[PDB]
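Per this note's numbering, residue 1142 is the first one in the sequence shown, and the count goes up by one each step. Idealized CB from N, CA, C, for every residue including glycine.
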Amino acid sequence: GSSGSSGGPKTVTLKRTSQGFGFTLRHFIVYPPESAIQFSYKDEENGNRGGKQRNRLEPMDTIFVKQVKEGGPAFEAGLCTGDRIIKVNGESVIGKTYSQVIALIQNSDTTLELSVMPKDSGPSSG
């Protein structure tokens, strides 16, 4: 018997340990301006607000995992590499940005719940 979940959303719980949670994400697809470069040299840059007229076609596809510590929370939860994030802290992060889910992971308080989507797999039949 047994199976790698036959239909349904995957859920993984993590416990706040050493700030991090074993696994990690990948830096957000930078969104630098094509032509500009005329604002300070070494300092933050305005992000929020701007102008609801054109709006650059930003990427923001998915979070996607990077690595999974060896002997951490995620590792236990059953996380891995390549697993894409769909939900976070029972919070719908569909239209949310990586900068959002991040806070969620940081606002995990005690534990940090996540959710991915396992693909069809089966090395053995049984």
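Rounded distance between the beta-carbons of residue j and residue i, thought under 8 Å
i, j, result
"residue 1230", "residue 1220", "No, residue 1230 and residue 1220 are not in contact; Cβ-Cβ is about 15 Å, not under 8 Å."
"residue 1204", "residue 1153", "Not a contact, Cβ separation roughly 13 Å."
"residue 1142", "residue 1267", "7 Å"
"residue 1259", "residue 1148", "Actually they do not touch by this definition, with Cβ atoms about 10 Å apart."
Sequence-distant residues of the same chain with beta carbon closer than 8 Å to residue i, five excluded per side
i, result
"residue 1239", "1166, 1169, 1201 and 1204"
Residue i classed as buried or exposed, judged by whether at least 16 other C-beta atoms fall within 10 angstroms
i, result
"residue 1277", "Only positions 1142 to 1267 of the chain appear in this structure, which leaves residue 1277 out of reach."
"residue 1174", "exposed"
"residue 1218", "buried"
"residue 1235", "exposed"
"residue 1171", "exposed"
Pick from the options that is closest to residue i, judged by C-alpha positions
i, options, result
"residue 1164", "1260, 1176, 1253 and 1151", "1253"
"residue 1232", "1157, 1256, 1188 and 1185", "1256"
"residue 1251", "1157, 1178 and 1227", "1157"
Residues near residue i by beta carbon distance below 6 Å, same chain, minus five either side
i, result
"residue 1215", "1155, 1162, 1163, 1164 and 1209"
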